[PDB]
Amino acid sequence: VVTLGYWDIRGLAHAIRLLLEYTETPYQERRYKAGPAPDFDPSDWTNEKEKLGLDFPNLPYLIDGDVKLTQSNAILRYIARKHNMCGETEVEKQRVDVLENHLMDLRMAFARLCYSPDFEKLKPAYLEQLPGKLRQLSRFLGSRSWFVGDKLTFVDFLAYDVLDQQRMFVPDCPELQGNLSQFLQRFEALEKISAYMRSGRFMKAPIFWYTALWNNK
């Protein structure tokens, strides 16, 4: 079994847990829990961070024999390479590179927001530029089944997480309907994914750590 370590929260590990589940990778999880509210008690993780033999300790991490990685994108590319779920053609690789990076810029934007004490003050500007961000992704996907072509890749798990989060935030966003929605329905109908979602291991929320103003429940 491979070991995935991350906080007992959705966050940056969602796409990794889904990929691990789809590619049928035997795994276990180390889900670090919190302690005394409301004082930030990372101790469960902190008591273990500098004793795992990781080169750049962080969350999430994945241990697979002597392979010890940190950096979520790196863990994905690692899992994906064992099942050829990275690009194959040059153009597919460019589409993968550009989106993995772009999806992180949108993930951080959102993260920044739900974390700021000025959330309600920032919410309107954010929603002002959401639609356009979504139109871009819709235009990029076009009529393809997946973000790169007919081949499903790790960037599709990334895209699903990021889009499902935005769907969480604003459930009836016009730009969310259309090819973006069908994409979501396309992802959730994948056999091992459907099965994972109806299992008792799947955690749809909370998206963020307990200190977040939006969705920490």
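When you see a residue number, it is the position in the sequence shown, counting from 1.
Quiz prompt | 165-173 versus 25-33 - greater average Cα B-factor per the deposited record | solution = Stretch with the greater average CA B-factor: 165-173.
Practice problem: Can you let me know which of the two, 136-144 or 110-118, has the higher average C-alpha B-factor in the entry? | Solution: Higher mean C-alpha B-factor in the PDB entry: 110-118.
Quiz item: At the C-alpha atoms, which of 39, 48, 156, 188 reaches the highest B-factor in this entry?
Solution: The C-alpha B-factor peaks, among 39, 48, 156, 188, at 39.
Quiz prompt | Third assignment of residue 53 from its chain's C-alpha B-factors | solution = Lowest third.
Quiz item: So where's residue 127 on the chain's Cα temperature factor ranking, which third?
Solution: Middle third, going by the recorded CA B-factors of the chain.
Self-check item: residue 195 - Cα temperature factor, lowest/middle/highest third of chain
Solution: Its C-alpha B-factor, which the entry lists for residue 195, ranks in the middle third among residues of this chain.
Quiz item: Where does residue 10 sit by CA temperature factor within its chain: lowest, middle or highest third?
Solution: For residue 10, the deposited C-alpha B-factor lands in the middle third.
Quiz item: According to the PDB entry, is the CA B factor of residue 205 in the bottom, middle or top third of its chain, that is, lowest, middle or highest?
Solution: As the PDB entry reports it, the C-alpha B-factor of residue 205 lands in the highest third of its chain.
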